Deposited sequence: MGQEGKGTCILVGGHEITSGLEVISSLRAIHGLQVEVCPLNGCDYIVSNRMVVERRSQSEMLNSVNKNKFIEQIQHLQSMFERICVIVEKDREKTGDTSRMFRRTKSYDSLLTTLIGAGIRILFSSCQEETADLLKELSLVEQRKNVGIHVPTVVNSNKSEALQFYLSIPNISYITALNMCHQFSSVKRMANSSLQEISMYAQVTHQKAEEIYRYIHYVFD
């Protein structure tokens, strides 16, 4: 249950400090604060989690902004989960598009409960062998980050698991899929990127 890694966006230190605090001090897992410019929590390779208040979700003026954020996340992540947390009616359409897109949705009463939810999501993904464990350190990171549609954790375990960025560039789609920890079609997309000729 404990030891499992989890990535947290810097903006969450002001937004959800009790969540991060409950993750680290109660459930005792290795949390790492990172610069994930477009998302809250990376809970495994492949899965991102997004927390939003019930007020925010009901205020359907960020209805379209939220949808566009999910779209940006869809490009980088195989599985997407959103936690609607209670704060300290016409939006049923928002929920149905999410469900219809295969996006998992959780409901929380407080930041403490949200931490329990994130802990539990971590274990499920650990049991599925898509667990996140890696060094999370080396500065060839930025080069991998410049590739479109590549999550921070993908780029991370591209630095690790590949001996050279040279050998990464000459790897067959089968081994980039496995070593970069990405999908079968995703491996083809970055392959067409590295192998694109002018």
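Point out each run of deposited residues with no C-alpha coordinates, keeping the order of the sequence.
Unmodelled stretches, in sequence order: 1-4, 93-105, 155-159, 221.
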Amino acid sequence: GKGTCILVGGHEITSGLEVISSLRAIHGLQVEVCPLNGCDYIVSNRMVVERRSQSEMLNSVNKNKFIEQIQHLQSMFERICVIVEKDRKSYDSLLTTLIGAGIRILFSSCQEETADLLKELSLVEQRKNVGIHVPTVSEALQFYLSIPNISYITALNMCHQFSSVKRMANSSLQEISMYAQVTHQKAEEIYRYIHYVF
From here on, numbers count along this sequence of modelled residues.
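Select between 163-171 and 147-155 the stretch whose C-alpha atoms have the higher average B-factor in the entry.
Comparing 163-171 with 147-155, the higher average CA B-factor belongs to 163-171.
Highest CA temperature factor in the entry: which of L29, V48, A140, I70?
If I rank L29, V48, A140, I70 by C-alpha B-factor, first place goes to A140.
Hey, what third does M57 fall into on Cα B-factor, ranked over its chain?
Middle third by C-alpha B-factor.
Please place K89 in the lowest, middle or highest third of its chain according to the CA B-factor in the PDB entry.
Highest third of the chain for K89's C-alpha B-factor.
Considering only modelled residues of the same chain, in which third does the CA B-factor of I6 rank: lowest, middle or highest?
CA B-factor rank for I6: middle third.
Lowest, middle or highest third: where is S22 by C-alpha B factor in its chain?
For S22, whose C-alpha B-factor we compare with every modelled residue in the chain, the answer is the lowest third.
Can you work out whether the C-alpha temperature factor of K63 puts it in the lowest, middle or highest third of the chain?
Ranked within chain, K63 CA B lands in the middle tercile.
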